[PDB]
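Take a look at this one chain, the form deposited in one PDB entry, written out in structure tokens.
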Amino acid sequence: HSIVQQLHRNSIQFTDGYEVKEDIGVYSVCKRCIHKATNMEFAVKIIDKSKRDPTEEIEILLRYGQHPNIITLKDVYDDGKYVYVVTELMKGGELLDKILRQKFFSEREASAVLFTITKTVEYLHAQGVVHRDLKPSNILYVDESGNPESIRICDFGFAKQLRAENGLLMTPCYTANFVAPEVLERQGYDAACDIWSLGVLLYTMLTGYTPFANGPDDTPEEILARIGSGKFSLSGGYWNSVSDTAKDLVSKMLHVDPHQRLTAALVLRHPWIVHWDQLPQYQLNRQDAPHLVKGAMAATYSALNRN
């Protein structure tokens, strides 16, 4: 029965030092705001306490915000009814959106982008944290520098830390403590779902289209059907100028069975991430239809989270 501190109705009000502006994103309420003191751009996430408890997420942001590739928390408030998670704004747009519009995008470049991301996911996992919503629309650029250092994993709304039955936070390594079985199980599947979403990312980065969807009109049943089959083509036209190490890595990360699927750690050991200096550099023969992909991607996760 320790104190949280995250439960705080202090004096200063959020809208007392911040000026709200237009909306942002596309299931969590977000808006752009300005610091009424330094006039700097910030992103704020408003949450209804009556509809959800954000304590879990807020803490994850605090203890793991320092990570360069994790959206940084800059401030937070609680007016009693809502909670104002003030983080840094993303002016670089969605990472996938930008990359899919770069005709001269190579594997060596795509391999660097994924390396940076997985490196972040590995750390999170190592500290007993899973995202459980690691879709491409939640991976963005902080600025338009174009470099991987400006990559940010965002929206830890559905994130969950690992802890024993009594409440102690433990890492996937430390086992001495007593943790519920189904919990240790769910924490294993969740960590696999993240890697799978990264497989969806790499897939789209290479080809130019979504693996389990063609457009925003595909029926939920046919998509889930493709997802349940564990079958995906890697010998199409767009798959001609693609190395086998890529095709291989892409099949491993997307392995239908979670157990046989690679973990963040293993992914980083794959020769496609390790021997990146061997990878090709000539532009990838891809499909140019980022808007359609954005529709297909949304249709995919829409069916997934249908339940």
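Heads up: residue numbers just count along the shown sequence, starting at 1. Rigid core (definition): largest C-alpha set, two forms, superposition within 1.5 Å.
Across the superposed structures in 4 other deposited structures of this protein, aligned by the core, the stretch whose Cα atoms lie more distant on average is 170 to 178, chosen from 170 to 178 and 213 to 221. Superposition on the core shows that, in 4 other deposited structures of this protein, the C-alpha atoms drift more in one of 92 to 100 and 161 to 169; this is 161 to 169. Missing deposited residues between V26 and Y27: 1 to 3, all without coordinates in the entry. Relative to its counterpart among 243 to 251 and 66 to 74, 243 to 251 has the higher mean temperature factor, C-alpha atoms as listed in the PDB entry. Checked against the record, the higher mean CA B factor of 234 to 242 and 50 to 58 lies with 234 to 242. Residue set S111, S137, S197, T171: peak C-alpha B-factor at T171 (per PDB entry). For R163, the recorded CA B-factor ranks within the highest third of the chain. Only modelled residues enter the ranking. In the deposited entry, the Cα temperature factor of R9 sits in the top third of values across the chain's modelled residues. When all modelled residues of the chain are sorted by CA temperature factor, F115 is found within the lowest third. For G188, the recorded CA B-factor ranks within the middle third of the chain. Only modelled residues enter the ranking. The deposited CA B-factor of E182 belongs to the highest third of values across its chain.
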